[PDB]
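Here's the structure we're looking at; comments come further down.
Cβ placement follows ideal geometry from the backbone for every residue including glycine, while neighbour counts extend to all protein chains displayed. We did not get these values from a lab; they are worked out from the coordinates using the rules stated.
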Amino acid sequence: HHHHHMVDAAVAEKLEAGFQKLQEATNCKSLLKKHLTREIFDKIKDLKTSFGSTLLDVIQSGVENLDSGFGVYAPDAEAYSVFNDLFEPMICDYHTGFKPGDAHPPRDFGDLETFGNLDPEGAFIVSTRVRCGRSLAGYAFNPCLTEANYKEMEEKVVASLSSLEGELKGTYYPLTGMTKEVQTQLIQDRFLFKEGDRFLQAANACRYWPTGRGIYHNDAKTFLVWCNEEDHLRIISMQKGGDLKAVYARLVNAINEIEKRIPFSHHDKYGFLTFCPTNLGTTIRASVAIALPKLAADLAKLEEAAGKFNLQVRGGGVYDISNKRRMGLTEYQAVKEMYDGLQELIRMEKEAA
Ligand SMILES: NC(=[NH2+])NCCC[C@H](N)C(=O)O
Ligand SMILES: [K+]
Ligand SMILES: [K+]
């Protein structure tokens, strides 16, 4: 247990230097530079979490990498509360439809049977993916995980994953001792992660590499888990075609099975807690690649059509359609925004001459 107040001279010196470095760079467009006013900085710079995490453990990645988009990470779950004067305005700027005073709703994956066929003929949708993240309750996040923590957490995760049955049965590949053969195989699958880039390095997210880091996938290669890549868990369900029901059902079954053994870190206002605040709330990152060549003639598709369902469009005539909303709605609501939006877009495509 650490005290809520008092940071040492070195930490205080590095914070002041970091604030200055941010100020000097007038071209810097990170949300960190935007939101860390001198007033907020002066208020919170001498605070700590009970894990001993300071403001430097929050902002350092965005200081060392001025080109960061967001620029902060949570060094532990308590950081979201202790440094809320910074996290809150950043979270509410980035996320769509979430504002201070809101409480993210309790988890609810909803009724899977309400998802029908979207494109069973395979005339439109190229691929379907739904990604979630989780932190394991009772553990620090990267900058203050100990080596023993990494080992203990990995054992817990692998015990869960290695007990999955049926549609989820698969193999765990530790990063520790990973062979060149397995690296090559996983790269072909787009399943491999490696030591973090410059943003994760500066966040102290890569200590004790690669202890406690690993990759799991089912035999069908339609379910992927990363252990300790950035979050404790990154959990993805995916397949070719447009069967969003099947993709989502498989994800729900996996997360429920994992939760039975391992509780997840959770916050009364922010939902599931993650290392990067961009992944809060439901944590859902759904992405569907869809061929809409007739609609491609007019970006009445982007704003307006997809946007009516809070979906984002990104580009011949194939688009990645994703959910704008991650916080302030249930899992069911987010996946149904995707379902309903994709249904409207497909209607527009067929009706278009
Ligand atoms: N993997 C992520 N969490 N990406 C989003 C944030 C990445 C980086 N820290 C930035 O602000 O640009
Ligand atoms: K916003
Ligand atoms: K909302």
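Please report, in whole Å, how far the alpha carbons of region 9-94 spread along each principal axis, starting with the longest.
35, 31, 21
Roughly how many debye, to the nearest 20, is the charge dipole of the chain about its Cα centre, given +1 on each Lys and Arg Cβ, -1 on each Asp and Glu Cβ, and no other charges?
Details: 42 positive and 49 negative charges, 82 e Å.
In total the dipole reaches around 400 debye.
Quick one: in region 188-235, what % of C-alpha pairs are over 12 Å apart?
Value for region 188-235: 62 percent of Cα pairs lie more than 12 Å apart.
Once label points are set 7 Å from the Cα along Cα→Cβ at both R347 and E121, what is their separation, rounded to one decimal in nm?
1.7
Between region 269-337 and region 135-195, what is the C-alpha centre distance in whole Å?
Distance between centres, Cα-based: 28 Å.
Charges only on Cβ, +1 for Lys and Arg, -1 for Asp and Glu: so what's the dipole of region 9-94 about the Cα centre, in debye to the nearest 20?
That gives a dipole near 180 debye.
Normalized C-alpha radius of gyration of region 78-195, against 2.2 N^0.38 Å?
Numbers: Rg = 19.7 Å, N = 118, 2.2 N^0.38 = 13.5 Å.
The value comes to 1.46.
Rounded to the nearest 500, what is the 222 nm mean residue ellipticity of the chain from helices alone, with -39500 (n - 2.57) per DSSP H run of 4+ residues and division by all residues? Kindly include the intermediate steps, with their values, before the conclusion.
Working: 11 runs with 120 residues, N = 353.
That comes out to -10500 deg cm²/dmol.
Roughly how many nanometres apart are two label points built 7 Å out from the Cα toward the Cβ at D219 and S162?
Label-label distance for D219 and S162, simple model: 1.8 nm.
Provide the FRET efficiency to the nearest 0.05 for the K151-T179 pair, computing r from the beta carbons and using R0 = 25 Å.
0.75
Normalised by the empirical 2.2 N^0.38 Å for globular proteins, what value does the Cα Rg of the chain take?
Here the Cα radius of gyration is 1.03 times the empirical estimate.
Could you please rank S61, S127, placing first whichever residue has the fewest other Cβ atoms within 10 Å of its Cβ?
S127, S61
What is the extension gain from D102 to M6, computed as 0.36 nm multiplied by their sequence separation minus the C-alpha to C-alpha distance, in nm to one decimal?
Full-extension gain reported as 31.5 nm.
Given a Förster radius of 41 Å and the C-beta distance between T171 and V318 as r, what FRET efficiency does 1/(1 + (r/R0)^6) yield to the nearest 0.05?
That pair, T171 with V318, gives E of 0.80.
Which cross-chain or sequence-distant (5 or more) residues have an amide H under 5 Å from the amide H of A77, H modelled 1.01 Å from N in plane?
Answer set, sorted by chain and number: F141.
Using 7 Å Cα-to-Cβ label points, what is the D197/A297 separation (nm, one decimal)?
A separation of 3.7 nm, rounded to one decimal place.
Would you work out which of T26, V58, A9 lies farthest towards the positive end of the dipole of region 1-62, given +1 charges on the beta-carbon of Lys and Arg and -1 on that of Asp and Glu, about the Cα centre?
So the residue we want is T26.
Considering the dipole of the chain built from charges on the beta carbon (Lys and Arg +1, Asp and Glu -1) around the Cα centre, which of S135, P293, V157 is farthest to its positive end?
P293
As a footprinting exposure proxy, order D197, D46 by other Cβ within 10 Å, with the fewest listed first.
Taking fewest neighbouring Cβ atoms as first place, the list is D197, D46.
Once amide H atoms are built 1.01 Å from N in the peptide plane, which residues 5 or more positions from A205, or in another chain, come under 5 Å H to H?
Residues meeting the criterion, in which the H sits 1.01 Å from N, do not exist here.
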